[PDB]
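Residues 1 to 163, 209 to 224, 231 to 239, 244 to 456, 460 to 492, 496 to 861, 915 to 937, 945 to 1163, 1204 to 1278, 1341 to 1901, 1914 to 2171, 2179 to 2224, 2232 to 2252 in full-length UniProt numbering are what the sequence shown lists, from first letter to last. Backbone N, C-alpha and C fix where the C-beta goes; we use that ideal spot for every residue, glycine too. Structure first, commentary second.
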Amino acid sequence: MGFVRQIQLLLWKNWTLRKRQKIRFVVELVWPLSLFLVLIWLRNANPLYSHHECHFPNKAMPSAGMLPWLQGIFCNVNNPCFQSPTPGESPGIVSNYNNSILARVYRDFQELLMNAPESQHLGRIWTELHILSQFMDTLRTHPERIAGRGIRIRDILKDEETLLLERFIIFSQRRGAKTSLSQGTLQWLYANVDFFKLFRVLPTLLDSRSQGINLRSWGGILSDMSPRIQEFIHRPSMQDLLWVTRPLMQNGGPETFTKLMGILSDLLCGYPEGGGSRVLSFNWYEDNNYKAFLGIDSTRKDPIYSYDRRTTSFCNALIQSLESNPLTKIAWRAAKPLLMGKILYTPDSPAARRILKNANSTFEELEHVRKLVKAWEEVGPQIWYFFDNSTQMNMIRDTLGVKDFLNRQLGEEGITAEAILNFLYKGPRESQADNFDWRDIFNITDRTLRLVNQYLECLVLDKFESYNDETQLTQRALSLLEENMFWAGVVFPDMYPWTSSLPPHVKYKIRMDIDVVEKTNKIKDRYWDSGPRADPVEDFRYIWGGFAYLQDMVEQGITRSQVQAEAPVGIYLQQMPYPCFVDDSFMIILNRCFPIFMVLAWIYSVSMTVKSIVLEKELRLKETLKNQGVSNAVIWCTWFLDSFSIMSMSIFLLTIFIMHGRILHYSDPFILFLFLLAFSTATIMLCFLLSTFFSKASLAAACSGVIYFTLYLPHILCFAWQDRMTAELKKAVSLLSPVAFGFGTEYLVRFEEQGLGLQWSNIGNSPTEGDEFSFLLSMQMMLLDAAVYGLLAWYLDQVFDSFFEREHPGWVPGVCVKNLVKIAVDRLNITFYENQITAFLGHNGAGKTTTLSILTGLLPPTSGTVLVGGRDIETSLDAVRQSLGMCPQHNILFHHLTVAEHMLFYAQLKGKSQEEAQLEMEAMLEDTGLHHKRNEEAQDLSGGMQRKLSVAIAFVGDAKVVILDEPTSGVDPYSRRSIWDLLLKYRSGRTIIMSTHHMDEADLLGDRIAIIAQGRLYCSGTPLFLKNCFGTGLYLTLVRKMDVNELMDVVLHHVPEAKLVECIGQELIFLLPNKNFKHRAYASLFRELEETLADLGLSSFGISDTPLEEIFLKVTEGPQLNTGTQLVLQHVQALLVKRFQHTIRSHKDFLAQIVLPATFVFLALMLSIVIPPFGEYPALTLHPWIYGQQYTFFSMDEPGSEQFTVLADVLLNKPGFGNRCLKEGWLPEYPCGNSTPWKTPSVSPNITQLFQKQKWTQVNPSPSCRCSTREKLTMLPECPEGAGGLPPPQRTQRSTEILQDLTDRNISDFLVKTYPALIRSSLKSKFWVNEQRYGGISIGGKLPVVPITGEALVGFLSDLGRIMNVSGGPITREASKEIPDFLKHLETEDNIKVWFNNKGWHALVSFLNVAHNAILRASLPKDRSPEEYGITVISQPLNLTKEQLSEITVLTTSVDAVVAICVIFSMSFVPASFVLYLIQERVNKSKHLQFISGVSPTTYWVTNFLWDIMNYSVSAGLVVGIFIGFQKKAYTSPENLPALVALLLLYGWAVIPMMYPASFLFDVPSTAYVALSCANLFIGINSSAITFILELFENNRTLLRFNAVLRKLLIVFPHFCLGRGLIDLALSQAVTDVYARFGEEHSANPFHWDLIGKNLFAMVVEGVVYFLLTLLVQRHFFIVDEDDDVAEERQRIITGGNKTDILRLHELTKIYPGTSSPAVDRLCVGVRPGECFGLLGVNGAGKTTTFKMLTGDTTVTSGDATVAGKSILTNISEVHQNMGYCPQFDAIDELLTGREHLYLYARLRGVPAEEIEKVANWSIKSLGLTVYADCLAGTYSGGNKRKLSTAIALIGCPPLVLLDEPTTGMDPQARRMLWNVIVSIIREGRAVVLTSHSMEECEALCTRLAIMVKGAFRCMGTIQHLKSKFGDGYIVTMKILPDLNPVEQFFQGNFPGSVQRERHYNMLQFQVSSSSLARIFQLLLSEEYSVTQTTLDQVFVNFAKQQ
Ligand SMILES: *[C@@H]1O[C@H](CO)[C@@H](O)[C@H](O)[C@H]1NC(C)=O
Ligand SMILES: *[C@@H]1O[C@H](CO)[C@@H](O)[C@H](O)[C@H]1NC(C)=O
Ligand SMILES: *[C@@H]1O[C@H](CO)[C@@H](O)[C@H](O)[C@H]1NC(C)=O
């Protein structure tokens, strides 16, 4: 014995078993790898996105001026990131555009031209000209001296003397007109009157009114400025300006719209490093867009065109070109509603009018610019008239500039003057000098200014219209929006049209359409994305759509209407900076596919392990191993290692794939391997538990995978409620292994995100705050579920005259028994001995099995006394079960093993090393006779060789006692002789005990016989002893040829004491008396009997002895039928009852037809009802508290200034932020509270150490955070400790929020470096994150305004205009009266800014409101208690517009396209529960039996279908009831309910016949049920989803065709019809439901050849075609010879005189297609009436094909056979009414009772209704089944089934009867009881045809035999005729002081040929041939002798002995 040596044998056996599949061995290692290859493809099809830091510029609101507003719109269109803090997020700076060339140039000009202390006297020259050319140069009419006039004058006056003066004219006048100091004096009352003007050539005397002289005051000014102007124009700023303006003025240049935009950006904007980065969005699924993912374009239909009245022609001709162009089509749809929009303000009343009038400043100042540009229309030509024909320019600077002093000045001018060019650019009019440089500048400025004026006419700038109720506003809004000219609409919901006084709390709502506003269902993203949410298009609809602008305008109007503060402040929006991140989209699908894929990859190993475990116990191969001495623990521990040695090799490759495939980058693969190992262990140890519920292999292999998969689903609904679940309950629900796998997978993903994997040091830790459930807990829960399952499985397995012949003094006894007792054994004393077989003959339950069990050591006796080879059975067991060997009734053979391993395995189990086992294997394999085919598999042997091997194994090892029972039951007679030889070669020195129920066997091989009748011995002795200790006549048979009266006298001479005991056809059995002398007489009789044989007319004469079975029994105690229409109408109503009684009392096909459909439809219907609706956008008041608990910082920049120290007070204390804690109401859901004082938090002393020791610079504050490197990519930076400086002060406001001062601190540092530390605590779920910080307000910041005031500018403009004669016109006088209010509103000086975080959708407009609401309270007078005023904003969108409802409808019907799939998959469980019954009935030949009784397959199939429809209707009605119960529309409405009922019924109508041809292709119900519910699901998923998802592509011009052909080609499937019908009934209702919203009547109806009308016709058509296909497929399945045989062959030529026959069988044969030797040759026999034929047949020669022909199974190839005139070649339906049948198998329905099981087969024949009552009772009483008459057949013993089969075969009164093994598993009493019945019908006149394996019954009741050797018949005749003619024998036996030599001496002389026989101490057995000479030669005596004859069994062995 041993343990570690038993484990080795079991493990070797399992390893050898596993290698021989080679399909399991390949799939188990390939399937997971192919499952995980897609998870690598997904990795490679989802790249990784990383980005650096982001700092964004700020956006100016309209309240901050108009120039900054427009500049911020133009610069920040793309919202760029910058990597480096912008200048706008500093304590005082707001400007952010301090780098444009237009600002550097202005700074240079303001620096070195203006602010010039050098000259500063250009004003002096201005004053000079302003005083001169007003009085002295003009002097129009004002009186003066003689020398002065308008344009020309002379001083020639005051002369009195007649006229050297020519010389004076030459000297004083020198080539110069009126436009000499002493020359006239030198030439000199001539010397008194010549000179009058004492003022000489000196130039400065013109304004001699009171006092004025200024002529030589220019020199320094016009000689010092020019070098500085040169230096200014040669500054780098002007270099950049000119180098950028080099294009945009040339030709063939600015059209690429990227050079132009680049120029404008570089000239107005000033952004560095290229411009920015434009972070993207990538979500698309937070909006349910479904076409940003699917490739479809999402663009609304372009709006209508109409030639608009009263606008312009140019603008109107521009709109069409700009709107129909394919490029600028979407960038103009986003801008049109702002430029040309319109605003509506429903409550028309004085208060609303005043508010909207105050909110009108922006458009007013934008109209002032249009007026200012239009003024050029008049200014232009007046300026032009100043340069061509002008009394100033052309007459002053063009006539001269003199010609002499001007010449001298030009010579002494600057570097280059070119006075000729100075005159060419001085008004050349009649010249046309064309290089010219003067006309082109004016020519270009006019043509570029009128174009601007022409564009500016398109804008609409009066865009407020009033109504008087909201409904008219909504109507007008949709009317305008169809044209795309709708901006928002304003509604004041708290004032009537007569309101005049504003209440001190104003509320309004902005109403826009949903394409330009964030949705009001959600306030967050459902799934947290690592990204700033800074995409200018998909993330900022509140800015590019115009919500924020209009909100600001209305807030400013409401403020200005009730304050009158006259000191404005603006608003700037600034977005919080964001750290660097890494966005991985693969962690979304890994977390969802890793557990699914892992659970799905063992779905086959689980099934193939449970199947093996269950099968090994189903074949009773486990109790055998226990009998040999193997415990249960060893079996378990070997199955474990068997299943575990493969999963290890699989995990080792899965780990390699997962690592090297980049699915996990950095994870320490050892932990991953050790993590999958625990899952494998739990899975195996769960297979062990699942193996203890099932009894069949197929059912277990089918249900195991399904149960395994089902046990994981509690994790899918456990990943939603992830936050409510406490860890204490996470540990309780984790007792299921597949959910403990997912719980660890989540932590795996969370660790992989962070840049650091598992690494052996954080598996015990968690990436959370207080979860307490780590990654170790998952592994430790799996390794505990393993043990729990193990204990549970192990536990649940256990609970479920003298009689005793005098012996010899001794021949070494081997097994003694003394006074054995147990309770049915009363003191029996048996003593088995050595080297002789003993036949333990007994009853079938009178005490044989119990004593065999006692002797075989499996149960204990009470107080008996046993012995085994000199040992006991209680004191020692481990030593006795070493030589004791046994074999049971069944077989002990492992499939997929060979003979060699069988012998070796059992030899080693008995306890023997490998060498002895391999030695004795080669010895037993010789005696067994299996030298060849020693490598053949255990299965696929002959079928008798398996029994040979089974009994050969019983002798393996050192065996002494062999207790084997029924060793040769159910085998052909030749293999029985083979096994007998085996036994006879092994009783050399070993005791053998052989229990059997056949008595033909217990004589030829048996030396002692013992009978246990009443639980005790009664008789024990050799067969001769028993045959003599009773005394019976020696049976004398006699046969005749084709006269008892004269035959009686023959034996009358030697009259005995018995006569003709029995006389059957051509037979005569005689019975003589035993003993009583009769020495000579008896011998003499066979003298005249053997002599005159022919003369008398006999043919044979035997003389056998009383059979051994005879004594055994002693020592134990049709009217006229129906036909035609009545027959058919009775067949149908009998089959209906048979199929009703089977289901009325079964539970499997009750919950397979009622419970599953309702359950699976109920779950789907609830799934359809717990999904939130799509659309339905509510109001949603906007305030910062719609988010939870949060931080809101604060900062007070620029202190000391008044009106800000009160603004910072009414923001913190007083009313607080926002509008919560008012003083009266404001929402009851959000109450008030109470506050705490300022409190700086505490820090670890190491932090306060590191800040007071090092040197931190203004540019470099507290240490920086580490960003992801090339190989370590982290979701968020690492941020070392002490990252944002010291914590700031804190409070807890009355509105329950912590605000914190950030004064005197760097904000764009604190915000960047402390954000990860907040997300790391607000995370732990990744769903609906809080972010804990959404905004804050920074008070202060001013930008520099223009110093140039108003009136001081119009003074300059007016003077410049008046000095050159322009004076403007009527447009100028109206455009210049508004200038000191226009130059004031461009820029607002002091203004605040608000920080917002875009991760919350509504956090922008929530804090803009807070800022405006604080500005209101910062300026009201000092007697109004600012805790009463406020403003609230509501954002209620506008009605959907029938184009945005199509998408809502698609998303709505998408959830009914899943209910359709579930209904299809749940209505297919009912038709698959009928194919199971059909499959079970096709096998076991129960359908063939009804066909034989005659059911004409048409009626069979029609009745089955007619019952199936009615059975299915109940489930259909139940499903309809559930649908009615849910009260859903579109199905349960009064109009659609018929459309649902007619859709569910026709589906069954169509699909039931479609699965009927699947009953022919399967043999196991479970495999069919698995393969059907998968094919139906596969078809039903793809027939109702492909067509759904292929209709969304309105383009591609080939999808709408490839779908339109599928819509008419997929209709051959009844799944598609139902799916499309159920989807159509939802789509039609949706379409007719969106219309009722607009007030319409769609009024559609089904049954219209487009909704379901075509489907309801296709189903009817294709339900009557598959039935015909079923009928067809069921139509396409259903020389040298012995003289005696030749005599019949030649006699069967004239069947005219002997046509009384009941079987002709003319000629038959069955040549197979793939064969050449026919299985049946030409044969021909007649069956006279009153005889039963044999038709024995050699095994392996072909005999069963004959019954397959006769019954009607196969085709009779070239045959001819008739029963009673009707042939079995054409007329095979009326003949079947004259033929019974008892099949070899048992065709019984195990749910019906015997009585009704007889009623069915009675009704299938005729026997009208009122007589089955007696026909049945007759059959029941005749067959002796009264107690089991009605007891649910199937509970029957196994022999009772044979009685029932015979009873249902004998029904009515058929002339001919076929029997096929009528008795197999019966005790002899039942066998005789049944044989009497078979004789009692042949004794009436009806023929019988029998076939069997036991020669005993063929010899007990028969009249003719015929043995079918390989070809055709070989012999024929009666029993005695065959015995004599084909045999010899008369086996003689004699008893004894014995001496064998004297007995052998007399047989030495005579009787030549005796092959002697078995030898014993006194028993001799010989064999004479045929002479009957012993009976007369046995006078010479010296006590017992008997002369039997060879049995009929020995004759069959003679024929089978060859071949
Ligand atoms: C603007 O930029 C100039 C140089 O480009 C610099 O001297 C000046 O200080 C800047 N002004 C502000 C407010 O940053
Ligand atoms: C705030 O209200 C009063 C202050 O007088 C105080 O009694 C109360 O406890 C404070 N807290 C709350 C929650 O009311
Ligand atoms: C700060 O304080 C300790 C004290 O020496 C220092 O060694 C270490 O770097 C820091 N420890 C912690 C827990 O921050």
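Sheet register partners of residue i (DSSP bridge)
i: residue 51; result: 642
i: residue 2201; result: 2206
i: residue 2017; result: 2094
i: residue 1556; result: 1414
i: residue 2169; result: 2206 and 2234
i: residue 1404; result: 1657
Which of helix, strand or coil DSSP assigns to residue i
i: residue 2089; result: coil
i: residue 1358; result: helix
i: residue 56; result: coil
i: residue 2143; result: strand
i: residue 1656; result: strand
i: residue 252; result: coil
i: residue 1434; result: coil
i: residue 1912; result: For the chain, the structure lists 1901 followed at once by 1914, and that leaves residue 1912 out of the model.
i: residue 2033; result: helix
i: residue 1530; result: helix
i: residue 1264; result: coil
Supposed contact pair residue j and residue i - C-beta distance, whole angstroms, cut 8 Å
i: residue 1663; j: residue 538; result: Wrong, their Cβ atoms sit about 13 Å apart, outside the cutoff.
i: residue 59; j: residue 633; result: 7 Å
i: residue 1045; j: residue 1021; result: Residue 1045 to residue 1021, Cβ: 11 Å. No contact.
**Study point:** Beta carbon nearer than 7 Å to a non-hydrogen atom of ligand 3
**Key:** Cβ atoms closer than 7 Å to ligand 3 belong to 1467, 1469 and 1504.
Point to revise | Cβ contact (3+ pairs, closer than 8 Å) linking the segment 413-430 and the segment 512-527 | key: Under the Cβ criterion (8 Å, minimum of three pairs), the segment 413-430 counts as touching the segment 512-527.
Point to revise | Cβ pair count under 8 Å reaching 3, the segment 129-149 against the segment 281-297 | key: With a cut-off of 8 Å, the segment 281-297 and the segment 129-149 do not count as touching, because too few Cβ pairs lie within range.
**Study point:** Neighbourhood of ligand 2 [Cβ distance below 6 Å to any heavy atom], ordered by chain position
**Key:** With the cut-off at 6 Å, the residues found are 1456 and 1457.
Check your understanding: Counting Cβ pairs closer than 8 Å, one from the segment 686-693 and one from the segment 777-790, do we hit at least three?
Key -> No contact exists between the segment 686-693 and the segment 777-790.
**Study point:** Touch test, the segment 756-770 against the segment 840-850, Cβ-Cβ under 8 Å, three pairs minimum
**Key:** Result no; under three Cβ-Cβ pairs closer than 8 Å.
Point to revise | Cβ pair count under 8 Å reaching 3, the segment 1802-1818 against the segment 1711-1722 | key: No: the two stretches stay apart, fewer than three of their Cβ pairs being nearer than 8 Å.
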